[PDB]
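Trainee: So I've got this experimental structure, pasted below with the sequence.
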Amino acid sequence: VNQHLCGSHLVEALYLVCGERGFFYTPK
Amino acid sequence: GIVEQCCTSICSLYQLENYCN
Ligand SMILES: [Zn+2]
C-alpha cells in the first residue's frame, strides 16, 4: 500500500509503454 | 486512478496505454 514506492514503478512502466507520446503523471 | 487501479492489482500494458498522452 506504499503508493510512493508503487508510483516509482508506475512511472517507469509508463515511460516504456507511452514512448514518444509521453505522459502526464499526477499523484491524485 | 492509476495509483488505485495499478498498485493493488496488476495492470497490463493494454491498461497502461490509457494513461499516455
Ligand atoms: Zn520497487
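Mentor: Perfect, thanks for sending it. Residues are numbered from 1 along each chain as shown, chains lettered A, B, ... in the order given.
Trainee: Once you drop chain neighbours, what's closest to the residue nearest the centre of chain A?
Mentor: For chain A, residue A:11 is the residue whose C-alpha lies nearest the centre (Cα atoms, centre = their mean; 2.1 Å). If the residues on either side of it in the chain are set aside, residue A:11 comes closest to residue A:25, at 5.7 Å by Cβ to Cβ, 6 or more residues apart in numbering or on different chains. The C-beta positions use only the backbone N, C-alpha and C, and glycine is treated the same way.
Trainee: longest single helix anywhere in chain B?
Mentor: helix B:2-7 (DSSP state H).
Trainee: Check what contacts it and list those residues.
Mentor: The contact list for helix B:2-7, computed with Cβ atoms under 8 Å, 6 or more residues apart in numbering or on different chains, reads A:1, A:3, A:6-7, A:10, A:27-28, B:11, B:15-16, B:19.
Trainee: Repeat the analysis, applying 6 Å as the threshold.
Mentor: A:3, A:6, B:19 (Cβ atoms under 6 Å, 6 or more residues apart in numbering or on different chains).
Trainee: Check which residues of that helix are buried.
Mentor: Neighbour-count burial for helix B:2-7, counted by 16 or more other Cβ atoms under 10 Å in any protein chain shown, picks out B:2-3, B:6-7.
Trainee: gap between that helix and the chain center?
Mentor: 6 Å (Cα atoms, centre = their mean, to the nearest Å).
Trainee: same check, this time on stretch A:2-21
Mentor: With Cα atoms, centre = their mean as the basis, the mean position of stretch A:2-21 lies at 2 Å from the chain mean.
Trainee: hmm, who's touching that stretch?
Mentor: Counting by Cβ under 6 Å, 6+ apart, A:23, A:25, B:3, B:7, B:13, B:16-17, B:20-21 sit against stretch A:2-21.
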